[PDB]
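Data first, discussion second: the structure below is written as structure tokens.
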Amino acid sequence: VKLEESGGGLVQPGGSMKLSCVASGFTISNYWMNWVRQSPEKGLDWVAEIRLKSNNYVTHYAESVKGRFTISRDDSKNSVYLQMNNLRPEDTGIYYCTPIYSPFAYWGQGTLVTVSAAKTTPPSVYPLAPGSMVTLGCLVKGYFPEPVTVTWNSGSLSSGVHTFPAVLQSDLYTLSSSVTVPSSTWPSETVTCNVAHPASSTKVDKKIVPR
Amino acid sequence: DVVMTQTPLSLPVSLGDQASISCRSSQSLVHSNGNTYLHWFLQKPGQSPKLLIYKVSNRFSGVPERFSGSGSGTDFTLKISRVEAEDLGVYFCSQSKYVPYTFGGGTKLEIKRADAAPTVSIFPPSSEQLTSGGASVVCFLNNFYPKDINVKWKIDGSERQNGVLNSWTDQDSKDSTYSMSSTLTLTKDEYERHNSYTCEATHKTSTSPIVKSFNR
Ligand SMILES: CCCCC/C=C\C\C=C/C=C/C=C/[C@@H](SC[C@H](NC(=O)CC[C@H](N)C(=O)O)C(=O)NCC(=O)O)[C@@H](O)CCCC(=O)O
């Protein structure tokens, strides 16, 4: 049983974007379906609701999106959609879909909508080596938009990792990640950070070497 | 719109103790049908929100009995008994009686643990960044408690305030600690105008600050 959102991404102000929400392991036809968005500044923000075929598919919208957003459902595809037009930078945030008054009232993982005029820019990936435990790092600088994924040794190295929340200054994101291993582990063994930035089609591996 | 107000804004609680979170609605959430449409969500760091309790007191599937909800009309309470480390995150109340559905601003549950001093590491700019013209000095301050901390950058004994980008993690679900990253970003030219770089950490765990430095 799950909800899966997709269709998000970077889009210029005034632009348009269509989000999809597909259910698995249950039928959405029986439940009122809601879109909710989240941002650091506004928190959880209800966007729109569409009710049942038996409710004549009645819809409701937040005032901030009326005239611009359209919520729809296709029970035959077990899906709900959010057509967004004349998007505003303030519409930026993570968008979730959820059934309510339902055994399957799960939110899925969400889809990130970035409404900005800023251009897509790949990250610069810089290794962080020291000048009983040793801490190594990776600096992922000057990219846009979110997200990037950072792992160490392709994900094998998970304990002792801290990957920090990306910080947006102006129009460029910066992220860093640290990994801490025993001094007997490195540099005798390989420690490599893997950085992926889907938006710019970027994949980078940086092996951390001494000095 | 129905305003949802939560108190407190944050709540530190020791493991095994009880937590109580308050939510107040600007209008009654009692419907004509008899149901009260008040719900509680939990959002753990890095996760989507998840339904905890619907209609005041009913636990959603998979939610343990240590979580309970109460109240009526415009005043509600979420009680988490026998707090576990994994219970950290932001708790949201919400109403679904009126359109637009609205949410409280959230209450963050923090787990008290033993004080822990930050492990501090400082890193000079990579050769690769230098070639490109940039010069970032990175300082990691890892696994500390409590969350409050202060980081000072010193260049040749002088505190630099500009060019600093800081990131702070949420509380760690596994060990209840916090971590922090501090990056001082200069150009290759500015960095080479100086040799001594210092990351200085002030935290309750030490009377004098932790100091990590290198000389270029
Ligand atoms: C997008 C933002 C919206 C904010 C939140 C909105 C709505 C609330 C969200 C989710 C509700 C989920 C309800 C699930 C109900 S199934 C739905 C539930 N039906 C009931 O009969 C309620 C249960 C009863 N009151 C009780 O608890 O004894 C119900 O809520 N019915 C409608 C009604 O009573 O008016 C059951 O499947 C729970 C399963 C319990 C279990 O498996 O242990």
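Excluded from the calculations below are hydrogen atoms, water molecules and symmetry mates; all remaining heavy atoms, backbone and side chain alike, are included. Order of the sequence lines fixes the chain letters, A, B, ..., with proteins taken first and strands second; residue numbering starts at 1 for each chain.
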Open item on the list: So, applying ring pair (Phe, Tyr, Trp, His ring centres under 6.0 Å) with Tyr101(A), which one of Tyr54(B), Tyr101(B), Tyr37(B) is it?
Closed with: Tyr37(B)
- [ ] For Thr135(A) and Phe123(B), work out which heavy atoms get closest and say how close.
- [x] O-CZ, 3.2 Å
Task: From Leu136(A) atom CG to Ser121(B) atom OG, the distance as rounded to the nearest 0.5 Å - done: 9.0 Å
- [ ] To the nearest 0.5 angstrom, please state how far the OG1 atom of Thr98(A) sits from the NZ atom of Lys50(B).
- [x] 12.5 Å
TODO: Nearest 0.5 Å please: distance from the CZ atom of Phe164(A) over to the CH2 atom of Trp168(B).
DONE: 12.0 Å
Open item on the list: Whether the side chain of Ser48(B) engages the backbone of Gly108(A) through a donor-acceptor N/O pair (distance < 3.5 Å, no angle test) should be reported.
Closed with: yes
Open item on the list: Please identify, among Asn34(A), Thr174(A), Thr163(A), the residue contributing the most non-hydrogen atom pairs under 4.5 Å to chain B.
Closed with: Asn34(A)
Open item on the list: For the CE atom of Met180(B) and the OG atom of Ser178(A), what is their distance to the nearest 0.5 Å?
Closed with: 13.0 Å
Task: Segment of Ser102(A) engaging chain B (4.5 angstrom heavy-atom cut-off) - done: backbone
Task: From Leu165(B) atom CG to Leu172(A) atom CG, the distance as rounded to the nearest 0.5 Å - done: 11.0 Å
TODO: Can you tell which part of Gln109(A) gets under 4.5 Å to a heavy atom of chain B, answering side chain, backbone, both or neither?
DONE: both
Task: Heavy-atom pair count under 4.5 Å with chain A, highest-scoring of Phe92(B), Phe60(B), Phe214(B) - done: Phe60(B)
Open item on the list: Let's test your reading of the structure: which of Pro103(A), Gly142(A), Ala166(A), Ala48(A) forms the most heavy-atom pairs below 4.5 Å with chain B?
Closed with: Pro103(A)
Task: Heavy-atom closest contact (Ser61(B) atom, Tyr106(A) atom, distance) - done: OG-OH, 3.9 Å
Task: Pair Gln43(B), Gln38(A): side-chain N/O donor-acceptor within cut-off below 3.5 Å - done: yes
Task: Heavy atoms of other groups near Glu65(B) CD, more than 12 under 6.0 Å - done: no
- [ ] Taking atom NZ of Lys212(B) as the centre, report whether more than 12 heavy atoms of other residues, nucleotides or ligands fall under 6.0 Å from it.
- [x] no
Task: Contact origin within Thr102(B) toward chain A - heavy atom pairs under 4.5 Å - done: neither
TODO: For residues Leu44(A) and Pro49(B), determine if any side-chain heavy atom of one lies less than 4.5 Å from a side-chain heavy atom of the other.
DONE: yes
Task: Interface residue of largest heavy-atom contact number with chain A, from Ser167(B), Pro124(B), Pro100(B), under 4.5 Å - done: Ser167(B)
TODO: Heavy-atom distances under 4.5 Å only: say whether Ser96(B) touches chain A with side chain, backbone, both or neither.
DONE: both
TODO: Measure across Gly137(A) and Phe140(B) and return the closest heavy-atom pair with its distance rounded to 0.1 Å.
DONE: CA-CE1, 4.2 Å
TODO: Would you mind listing every disulfide (SG to SG under 2.5 Å) that reaches into residues 125-196 of chain A, with sequence neighbours excluded?
DONE: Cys138(A)-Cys193(A)
Open item on the list: Which residues in residues 179-191 of chain A have any heavy atom closer than 4.5 Å to a heavy atom of chain B?
Closed with: none
- [ ] Residue by residue, scan residues 194-208 of chain A and write down, ordered by number, those that have a heavy-atom distance under 4.5 Å to chain B; if none do, write 'none'.
- [x] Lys206(A)
- [ ] Take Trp46(A) and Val99(B) through the side chain to side chain contact (heavy atoms under 4.5 Å, CB included) test and state the conclusion after the steps.
- [x] CA-CA 9 Å; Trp46(A) 170 80; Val99(B) 172; 3.8 Å; yes
TODO: Pick one of side chain, backbone, both or neither for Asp1(B), based on which atoms fall under 4.5 Å of a heavy atom in chain A.
DONE: neither
Task: Nearest-0.5 Å distance, CG of residue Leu175(A) to OG1 of residue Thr183(B) - done: 9.5 Å
Task: Interchain contact, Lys42(A) with chain B, by part (heavy-atom threshold 4.5 Å) - done: neither
- [ ] Start with the C-alpha gap between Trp107(A) and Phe41(B), add the side-chain angles, then the distance that decides, and say whether ring pair (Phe, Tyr, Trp, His ring centres under 6.0 Å) holds.
- [x] CA-CA 11 Å; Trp107(A) 287 41; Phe41(B) 292 91; 5.3 Å; yes
TODO: Spell out the residues in residues 124-133 of chain A that have some non-hydrogen atom less than 4.5 Å away from a non-hydrogen atom of chain B, in order of number; otherwise answer 'none'.
DONE: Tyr126(A), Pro127(A), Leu128(A), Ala129(A), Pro130(A), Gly131(A)
TODO: Show your working on side chain to side chain contact (heavy atoms under 4.5 Å, CB included) between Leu139(A) and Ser136(B) and close with a plain yes or no.
DONE: CA-CA 9 Å; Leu139(A) 174 56; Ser136(B) 294; 3.6 Å; yes
Open item on the list: When you compare the side chains of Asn143(B) and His162(A), does any donor N or O come within less than 3.5 Å of an acceptor on the partner?
Closed with: yes
